[PDB]
Amino acid sequence: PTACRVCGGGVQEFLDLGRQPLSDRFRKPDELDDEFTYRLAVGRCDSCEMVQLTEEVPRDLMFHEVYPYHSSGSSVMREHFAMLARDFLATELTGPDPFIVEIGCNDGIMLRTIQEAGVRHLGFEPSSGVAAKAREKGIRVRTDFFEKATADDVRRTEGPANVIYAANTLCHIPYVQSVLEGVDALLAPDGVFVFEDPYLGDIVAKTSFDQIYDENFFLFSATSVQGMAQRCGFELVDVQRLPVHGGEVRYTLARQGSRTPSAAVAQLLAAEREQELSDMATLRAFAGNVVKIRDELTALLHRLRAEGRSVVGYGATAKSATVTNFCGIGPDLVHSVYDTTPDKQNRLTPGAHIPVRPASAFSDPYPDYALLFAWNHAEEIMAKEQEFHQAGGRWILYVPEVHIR
Ligand SMILES: Cc1cn([C@H]2C[C@H](O)[C@@H](COP(=O)(O)OP(=O)(O)O[C@@H]3C[C@](C)(N)C(=O)[C@@H](C)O3)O2)c(=O)[nH]c1=O
Ligand SMILES: Nc1ncnc2c1ncn2[C@@H]1O[C@H](CSCC[C@H](N)C(=O)O)[C@@H](O)[C@H]1O
Ligand SMILES: [Zn+2]
């Protein structure tokens, strides 16, 4: 039995996705076929309702000099983060000498807008290659993990932060209590800790199990974040649902009683209770649906091959590691994966070892079918790939059901 990382309660497993590789490691084709693996399974705390993985991957195996994800690769996301930055500039950063800290700034997708406004800021980016990309834009970055001690160090030299922000980053820190202690040492008394991550309600509704992989330790809900904040002296004071990344919620935490929660918080809590979101039975039914999507997806991919149809994948997502390894999908069923990230191209995907090629290579003559791993980017991608569909090529999606369009 494993102990909850928020509260120490007991975690009950409901989904076992078996042995899995590191999702963001892309090997050269000549590399030894050895990879770190771990058991990926998900459970729910008995006491605080936090849904979480049962085995942690050590941080330094995932996040380091060669981490390959570049935030600024999506036009939708560049606009999404510039707007959030302007919203903070108009609201929480209007003081004399305001200060914003971002946890997980990556290539500077959000902080560039802050820097261009002349506002004091600091990004934490322990993956040094993407940290350098942010520093080239004139952003101030420290190549360290955010945790209690590094937060203390920033408080000592820079003073309190008006906003601490994290997007797609808090989800992967199992040492969330250390981060909370850091936020407590660093945040201004009237500041906010704002984070946005994949939402449990969307995952259950869409059967989007590919959101579950080594860099998604927590599947947060308003119910579990409310408990986590409270147990640490914060309070959930606003929630906003976001369409990005398959469905997210942005959570705003303030010191307890310092601000009054928006009506939005109670509304979302009540909908999660009515829908029995976090009940073990609902979560087990989700797990049953995961197996049905596996079985349908592999039946389709095998019938396509029996029918002489060509199949590739589009987007070398981290998420796709779960799909290929749980369903047993490799290059005999999906020949190549197309992707815009230079450091993933001319490499093999983890576990399944499908070759990754540049997206500029997806061109006439097109394959019959493209398995859309980057399904969270469907509008942006399909807008760029109208010629493929006009030519008769079709997309295979597995969210929220296996279907072709
Ligand atoms: C828009 C676009 C993307 N692409 C390619 C680029 C990417 O490799 C991938 C998309 O990856 P995308 O769904 O954004 O994240 P991933 O699941 O990897 O997940 C990563 C890792 C991480 C931090 N743990 C996380 O949660 C999210 C934020 O990021 O697809 C195109 O080829 N053409 C395009 O037009
Ligand atoms: N403890 C921690 N502190 C700060 N950054 C962290 C961290 N653990 C991991 N990271 C960083 O978290 C980032 C997640 S990538 C996504 C980042 C970006 N905010 C976006 O939303 O697109 C990686 O760049 C990784 O190095
Ligand atoms: Zn718990």
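By the method listed in its record, X-ray crystallography, this PDB entry was determined to a resolution of 1.41 Å.

For the chain, the PDB entry supplies the name TcaB9 and the organism Micromonospora chalcea.

When a metal holds four donors in a tetrahedron, each ideal angle between them is 109.5 degrees; when it holds six in an octahedron, the ideal angles are 90 or 180 degrees. Only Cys4 (SG), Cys7 (SG), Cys45 (SG) and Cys48 (SG) from the protein coordinate the zinc ion (ligand 3), and they sit 2.3 to 2.4 Å from it. Around the zinc ion (ligand 3), the four donor atoms sit at angles spanning 95 to 119°, and that spread fits a shape best called tetrahedral. Between consecutive donor residues of the zinc ion (ligand 3), the sequence gaps follow C-x2-C-x37-C-x2-C. Remark: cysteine 45 occurs in strand β3 (residues 37-45) and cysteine 7 occurs in the loop between β1 (2-3) and β2 (10-21); sequence separation between them is 38 residues. Of the residues examined, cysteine 45 reaches a relative accessible area of 0% and is grouped as buried.

Another aspect to go through is the pattern of salt bridges. The tally for this structure, following the rule as stated, stands at 18 salt bridges. With a closest N to O distance of 2.7 Å, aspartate 152 and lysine 148 form a salt bridge. Remark: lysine 148 and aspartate 152 occur in helix α5 (residues 148-158); sequence separation between them is four residues, near one turn of the helix. We note a salt bridge from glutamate 307 to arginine 303, for which the minimum N-O separation is 3.1 Å. Classification of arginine 303 by relative accessible area gives exposed; the value is 54%. A single salt-bridge network, built from bridges that share partners, covers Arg142, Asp144, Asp153 and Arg156.

Compared with the 22 Å implied by 1.5 Å per residue over 16 residues, the 23 Å span of helix α2 (residues 75-90) between its first and last C-alpha is a close match. For α2, the full list of buried residues reads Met77, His80, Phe81, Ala82, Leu84, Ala85 and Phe88. Against β5 (99-103), α3 (111-116), β8 (161-167), β9 (187-198), β11 (234-242) and β12 (248-255) lie the buried residues of α2. N-capping of α2 is provided by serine 74, with a side-chain oxygen placed 3.4 Å from the backbone N of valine 76.

Another point: the sheet that holds strand β13 (residues 311-314). If you trace the seven strands from one edge of the open sheet to the other, you get β15-β16-β14-β13-β17-β18-β19, paired in mixed fashion. Looking at the sheet topology across the chains shown, the edges are occupied by β15 (347-348) and β19 (403-404). Where β15 lies against strand β16 (residues 355-358), two bridges are found, and the strand directions are antiparallel. Of the residues in β16, the one forming a bridge with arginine 347 is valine 356. Contacts between helix α10 (residues 280-306) and the sheet are confined to β13, β17 (369-372), β18 (394-397) and β19, with β18 contributing the most and set at about 150° to the helix.

This next bit is on the environment of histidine 389. Mapped onto the elements, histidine 389 comes out in helix α13 (residues 386-390). Under the relative-accessibility criterion, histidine 389 is labelled partly exposed at 29%. The residues touching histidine 389, leaving out its near neighbours within four places in the chain, are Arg394, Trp395 and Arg405.

This part covers the UniProt feature "binding site: Zn(2+)" (unreviewed entry) in the chain. Here the UniProt feature "binding site: Zn(2+)" (unreviewed entry) sits at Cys4, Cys7, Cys45 and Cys48. With the annotated positions falling across 45 residues, the maximum pairwise C-alpha distance of 8.6 Å places them together in a single cluster. Taking relative accessible area as the criterion, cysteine 7 reaches 28% and is therefore assigned partly exposed. When sequence neighbours within four positions are dropped, the list of residues in contact with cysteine 45 reads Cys4, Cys7, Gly9, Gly10, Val11, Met50 and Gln52.

Attention now moves to the domain arrangement of the chain. The domain architecture assigned to the chain consists of domain 1 (1-53), domain 2 (54-255), domain 3 (256-306) and domain 4 (307-405). The C-alpha centroid of domain 4 is placed 25 Å from the C-alpha centroid of domain 1. Each partner contributes residues to the interface: domain 1 has 15 residues there, and domain 4 has 15 residues. A buried area of about 1300 Å², summed over both sides, lies between domain 1 and domain 4, and 64% of it is on carbon and sulfur atoms. Joining domain 1 to domain 4, the criterion identifies zero salt bridges. Across the domain 1-domain 4 interface, the total number found is four residue pairs in polar contact.

The next subject is the site of ligand 2. Not every one of the 21 residues close to ligand 2 is listed here, only the nearest: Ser71, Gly104, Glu125, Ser127 and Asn168. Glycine 104 places a polar main-chain atom, nitrogen or oxygen, 2.9 Å from a nitrogen atom of ligand 2. In this structure, a nitrogen atom belonging to ligand 2 sits 3.0 Å away from a main-chain N or O atom of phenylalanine 146. When isolated, ligand 2 has an accessible area of 580 Å², and the protein chains bury 98% of it. Its residues assigned to classes, the shell around ligand 2 comprises twelve nonpolar, seven polar and two charged.

Next up on the list: a negative patch on the surface. The grouping of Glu49, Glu274, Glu276 and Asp279 at the surface amounts to a negative patch. Mapping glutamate 274 onto the fold places it in helix α9 (residues 263-274). Assessed through its relative accessible area of 61%, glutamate 274 is described here as exposed.

About the criteria used
- Residues numbered from 1 in each chain as written, not as in the entry; some residues may be left out.
- Chains lettered and ligands numbered in written order.
- Heavy atoms only, no water.
- Donors = N, O, S within 2.8 Å, 3.2 Å for Na, K, Ca; no water.
- Tetrahedral: all angles 85-135°; square planar, octahedral: opposite > 155°, others 65-115°.
- Helix = DSSP H or I, 4+ residues; strand = E, 2+ residues; numbered from the N terminus.
- Buried < 20%, exposed > 50% of the residue type's maximum accessible area, 1.4 Å probe, protein only.
- Salt bridge = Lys/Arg side-chain N within 4 Å of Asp/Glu carboxyl O.
- Expected span 1.5 Å × (residues − 1).
- Contact = heavy atoms within 4.5 Å.
- Polar contact = N/O pair within 3.5 Å; in protein donor to acceptor, adjacent residues only side chain to side chain.
- Pairing = 2+ DSSP bridges.
- Axes fitted to C-alpha atoms, helices over the stretch in contact; angles between N-to-C directions.
- UniProt positions renumbered as here; feature names shortened; annotations may be inferred.
- Domains from an automatic or database assignment.
- Buried area = accessible area lost by both parts, 1.4 Å probe.
- Near = heavy atom within 4 Å.
- Areas by Shrake-Rupley, 256 points an atom, 1.4 Å probe, with all protein chains shown as cover.
- Nonpolar A, V, L, I, M, F, W, Y, C, P; charged D, E, K, R; others polar.
- Patch = residues over 30% accessible without salt bridge, like charges linked within 9 Å, V, L, I, M, F, W, Y side chains within 5 Å.
- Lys, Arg positive; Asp, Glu negative; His and termini not counted.
- Charge placed at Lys NZ, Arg CZ, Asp CG, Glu CD.

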